[PDB]
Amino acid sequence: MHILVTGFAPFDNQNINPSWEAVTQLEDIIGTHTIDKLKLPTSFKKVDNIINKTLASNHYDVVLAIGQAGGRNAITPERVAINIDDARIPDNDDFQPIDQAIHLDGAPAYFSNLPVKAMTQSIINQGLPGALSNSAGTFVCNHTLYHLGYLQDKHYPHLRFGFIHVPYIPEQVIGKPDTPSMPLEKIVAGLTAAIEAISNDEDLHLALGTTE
């Protein structure tokens, strides 16, 4: 399987983004998966066009987008994206969409069609903190996952797509009391395990739901 793996540019006054840092360190072949890496701007207006053009110029079986989830304490594949942008802060283009539909002709939500539970458990099997997240937020990451789901619905029926959020890396939490982080090497190991678990087979129906 030929996989496009993306990471995001630094944003919110950070000079580094763990998603891209981790992606840079991935092996170029992980098992039978061949990996192409792409750095996306943290930009609501630019991301969809970059994805569109990239899929138009190259054949990918899978698009797996990685992002920073500052404050999370686990590596978390995402189950679902929702059809709204609601930016707490502006993006890197100083654009702050609030309560805006992403695609008016799209579904209210799209579920990832990667084996998200297999990927989550693969992280856990390596002894790393992993969990299946049920919200990708309402910033550029959710927007990207949503757009991938919209493309699979409307234009690319066989495309497999998903998103994995990762914690801050340690250097990012100076001056942020009680904020979790995870060493970059661990993030890379977890992402590697998740990618290894990617296939066209049915997901694992493990007890990985979130129960309050």
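One-based numbering along the sequence shown.
On average the C-alpha atoms of 172-180 have higher B-factors than those of the other stretch, with 66-74 and 172-180 being the two compared.
Looking at mean Cα B-factors across 30-38 and 54-62, the upper value is held by 54-62.
For the set 147, 158, 165, 155, the maximum C-alpha B-factor listed in the entry falls on 158.
Across 197, 204, 9, 188, the greatest Cα temperature factor reported in the deposited entry is at 197. Among the modelled residues of its chain, residue 85 has a C-alpha B-factor that falls in the middle third according to the deposited record. For residue 102, the recorded CA temperature factor ranks within the middle third of the chain's modelled residues. In this PDB entry, the Cα temperature factor of residue 123 sits in the middle third of its chain's modelled residues.
Looking at the C-alpha B-factors along this chain, the one for residue 5 belongs to the lowest third.
Ranked by C-alpha B-factor against the other modelled residues of its chain, residue 130 falls in the highest third.
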